[PDB]
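Let me begin by presenting the structure, written as structure tokens, before commenting on it.
Here, residue 1 is the first one in the sequence, and each next residue gets the next number.
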Amino acid sequence: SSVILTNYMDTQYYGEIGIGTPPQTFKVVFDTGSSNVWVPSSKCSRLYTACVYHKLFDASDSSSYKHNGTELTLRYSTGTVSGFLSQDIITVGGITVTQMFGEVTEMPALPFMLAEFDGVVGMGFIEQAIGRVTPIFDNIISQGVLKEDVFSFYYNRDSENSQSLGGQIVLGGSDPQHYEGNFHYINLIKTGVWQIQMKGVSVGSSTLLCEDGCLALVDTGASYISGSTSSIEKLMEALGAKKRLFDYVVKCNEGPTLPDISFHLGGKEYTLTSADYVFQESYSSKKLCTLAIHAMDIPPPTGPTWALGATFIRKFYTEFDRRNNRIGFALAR
Ligand SMILES: CCc1nc(N)nc(NCCc2ccccc2)c1-c1ccc2c(c1)N(CCCOC)CCC2
Ligand SMILES: *[C@@H]1O[C@H](CO)[C@@H](O)[C@H](O)[C@H]1NC(C)=O
């Protein structure tokens, strides 16, 4: 099965799912960086303006709803949501599965008012599931219908004309229509986390970063490519970028000349051009241009670690192999 994704400003990729009977529709981000499922609850106080601006799940309108009530709190590096667990039938591109999900009742203005999606569908391992809830992919596999224990992501470059698919997730395999050459794999350090070993990071002609090695979390739920404050400060200085409150910037006119940045994964250099990592929205020297690379300190056990989000997946079609506990990259097309 495949799910069509919408690309919002190159920073948010989401698709649709259906919950309950009759189906209640929701926009959600398929996130390899988390393992739980959640959507806003009709029980979310309207005092949370974020709940006033999103689709809310009303249990009392679903004849397939199954109460639970256990509380849970999901924490992402940029925000937190809280609520309780509920069960109901979820639709994901043709596939129908009974699933346990979080009904959020506390959804902070910052950052969820800036969220185009309503909720999230974790594609991570059960080892990372808050409340030990079975992840939706695990449940789908238990039906022995998928041809393979894998799923793939394609994130298209933002488009200005509503006629190009924003992105696509394939449950069961990959789609040769969106990648060329063949895959190249790197094995997961440990099962339970979509994190792999990264041999090094280079900016231009000098492997100045992540020498000796470092970790890389492959996060489909992350807008950018991120590293530890230390690492980024070092990377950014080599680019001549000035730090701000939430990002790094360069004079727009300097963007096109910025050097390449390479990530050494499993004996294969993955290279990005400045066009790949800077939001070139002008060529003026009198204006600042943001970079799609941020600093983000991720705490143990997962971190410290780099994160390969949307900025990296736009360029490289990604396959998440569960059966073999490896990740595969190929040139996006
Ligand atoms: C999909 C949920 C999610 N999962 C994971 N693993 N990390 C997140 N941020 C931690 C990583 C991160 C760092 C810096 C900026 C954005 C995300 C977020 C998360 C949380 C809040 C918001 C997000 C993303 N977005 C971006 C959606 C991404 O779609 C592909 C915009 C609205 C507010
Ligand atoms: C919620 O689901 C979990 C999963 O097994 C179960 O152990 C728990 O008892 C349920 N809570 C209630 C009261 O239904």
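- Panel note: side chain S284, backbone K286; a donor-acceptor pair is recorded below 3.5 Å.
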Problem - side chain to side chain contact (heavy atoms under 4.5 Å, CB included) assessment of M198 paired with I186 - result: CA-CA 9 Å; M198 179 158 79; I186 304 80; over 6 Å; no
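- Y154 contributes atom OH, which lies 12.5 Å from atom OG1 of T318 (distance to the nearest 0.5 angstrom).
- Note on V121: it does not cluster hydrophobically with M100, by side-chain heavy-atom contacts below 4.5 Å among ILVMFWY residues.
- Using a 4.5 Å heavy-atom cutoff, the side chains of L209 and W306 are in contact.
- The backbone N or O of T25 lies less than 3.5 Å from a partner atom in the side chain of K55, making a donor-acceptor pair.
- Nearest heavy atom pair, residue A129 against residue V133, reads CB-O, 3.2 Å.
- To the nearest 0.5 angstrom, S274 atom OG is 12.0 Å from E254 atom CD.
- The closest side-chain donor-acceptor pair between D260 and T271, if any, does not fall under 3.5 angstrom.
- Using a 4.5 Å heavy-atom cutoff, the side chains of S2 and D175 are not in contact.
- The shortest heavy-atom contact between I232 and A295 is CG1-CA, 3.5 Å.
- Residues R46 and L56 share a closest heavy-atom pair of NH2-CD1, 3.2 Å.
- Once rounded to the nearest 0.5 Å, the distance linking OG of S86 with NE2 of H67 reads 7.0 Å.
- Not one N or O on the side chain of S62 forms a donor-acceptor pair closer than 3.5 Å with the backbone of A59.
- You'll find the side chain of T98 reaches within 4.5 Å of the side chain of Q87, heavy atoms only.
- Put simply, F320 and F125 are part of the same group of oily side chains (I, L, V, M, F, W, Y) that touch within less than 4.5 Å, one to the next.
- Within the 4.5 Å cutoff, side-chain heavy atoms of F112 are placed close to those of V81.
- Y248 and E237 share no side-chain donor-acceptor pair at under 3.5 Å.
- Judged by distance alone, with hydrogens and angles left aside, the side-chain atoms of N36 form a donor-acceptor pair with the main-chain N or O of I130 at under 3.5 Å.
- Under the 4.5 Å side-chain criterion, counting only non-hydrogen atoms from C-beta, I293 is in contact with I261.
- Rounding to the nearest 0.5 Å gives a distance of 9.5 Å between CG of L291 and CD of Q280.
- Other residues, nucleotides and ligands contribute only 12 or fewer heavy atoms inside 6.0 Å of the CG atom of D212.
- Using a 3.5 Å distance cut-off with no hydrogens or angles, the side chains of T134 and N139 do not pair a donor with an acceptor.
- Around NZ of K243, the count of heavy atoms belonging to other residues, nucleotides or ligands within 6.0 Å does not exceed 12.
- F117 and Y14 have tilted rings, their planes meeting at an angle from 30° to 60° on a 0 to 90° scale.
- No side-chain donor from either of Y185 and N187 sits under 3.5 Å from a side-chain acceptor of the other.
- Ring planes of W194 and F151: perpendicular class, angle over 60° (limits at 30 and 60°).
- Considering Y277, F329, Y224 as possible partners of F312, the one that fulfils the ring pair (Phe, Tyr, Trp, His ring centres under 6.0 Å) test is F329.
- Judged purely by atom type and a 3.5 angstrom limit, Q12 uses its side chain to pair as donor or acceptor with the backbone of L114.
- At distances below 3.5 Å, at least one donor-acceptor pair connects side-chain atoms of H54 with backbone N or O atoms of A115.
- Using a 4.5 Å heavy-atom cutoff, the side chains of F30 and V3 are in contact.
- When the side chains of ILVMFWY residues are joined at heavy-atom separations under 4.5 Å, either directly or via intervening members, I327 and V150 end up in two distinct hydrophobic clusters.
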Practice task
Check step by step if side chain to side chain donor-acceptor pair (under 3.5 Å) holds for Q24 and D58.
Solution key: CA-CA 8 Å; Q24 280 184 239; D58 207 326; over 6 Å; no
Problem - side chain to side chain contact (heavy atoms under 4.5 Å, CB included) assessment of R132 paired with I126 - result: CA-CA 7 Å; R132 300 184 296 291; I126 187 176; 5.9 Å; no
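- The two residues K287 and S282 come nearest to each other via the heavy atoms CD-OG, 4.1 Å.
- The backbone N or O of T290 sits nowhere less than 3.5 Å from a side-chain atom of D247 that would complete a donor-acceptor pair.
- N68 and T70 share a side-chain donor-acceptor pair at under 3.5 Å.
- In this structure a side-chain-to-backbone donor-acceptor pair under 3.5 Å is present from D10 to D158.
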Exercise for the section: Begin with the C-alpha distance, continue with both residues' side-chain angles, and end with the deciding distance and a verdict on side chain to side chain contact (heavy atoms under 4.5 Å, CB included) for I90 and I136. Expected result: CA-CA 9 Å; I90 294 180; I136 194 163; 4.1 Å; yes
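- In this structure, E233 places its CD atom where more than 12 heavy-atom neighbours from other residues, nucleotides or ligands lie under 6.0 Å away.
- Under 3.5 Å, the side chains of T21 and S63 contain no donor-acceptor pair of N or O atoms.
- Summarising the local packing, CD of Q143 is surrounded by more than 12 heavy atoms from other residues, nucleotides or ligands at distances under 6.0 Å.
- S262 and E269 make their closest contact through CB-OE1, 3.2 Å (heavy atoms, listed as atom of the first residue, atom of the second, distance).
- Both cation-pi conditions hold for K43 and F84: the charged atom is under 6.0 angstrom from the six-membered ring centre and inside a 45 degree cone around its axis.
- Connection of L188 to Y270 is established within a shared hydrophobic cluster, with ILVMFWY side chains joined at heavy-atom distances below 4.5 Å, either directly or through further cluster members.
- Residues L146 and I95 are in side-chain contact: their nearest non-hydrogen atoms beyond the backbone lie under 4.5 Å apart.
- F101 meets the ring pair (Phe, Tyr, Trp, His ring centres under 6.0 Å) test with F57; sequence neighbours excluded.
- There is a side-chain donor-acceptor pair under 3.5 Å between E103 and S41.
- One hydrophobic cluster, built from ILVMFWY side chains closer than 4.5 Å, holds both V203 and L272.
- Between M123 and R322, every side-chain heavy-atom pair lies at or beyond the 4.5 Å cut-off.
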Exercise for the section: Quick one: do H178 and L165 satisfy side chain to side chain contact (heavy atoms under 4.5 Å, CB included)? Show the steps, please. Expected result: CA-CA 11 Å; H178 291 114; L165 78 177; 3.7 Å; yes
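- Here NZ of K147 is found 13.5 Å from OG of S1. Values are rounded to the nearest 0.5 Å.
- For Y179, the ring pair (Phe, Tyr, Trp, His ring centres under 6.0 Å) partners at least two apart in sequence or on another chain are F183, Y317.
- A donor-acceptor pair shorter than 3.5 Å can be found between the side chains of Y13 and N7.
- Among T32, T305, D219, the one residue that satisfies the side chain to side chain donor-acceptor pair (under 3.5 Å) test with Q195 is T305.
- Residues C44 and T105 come closest through the heavy atom pair SG-O, 3.5 Å.
- Note that the OG atom of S285 and the CG atom of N253 stand 5.0 Å from one another [nearest 0.5 Å].
- A salt bridge is defined here as a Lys NZ or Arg NE, NH1 or NH2 lying under 4.0 Å from an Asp or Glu carboxylate O, and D276 with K315 meets this definition.
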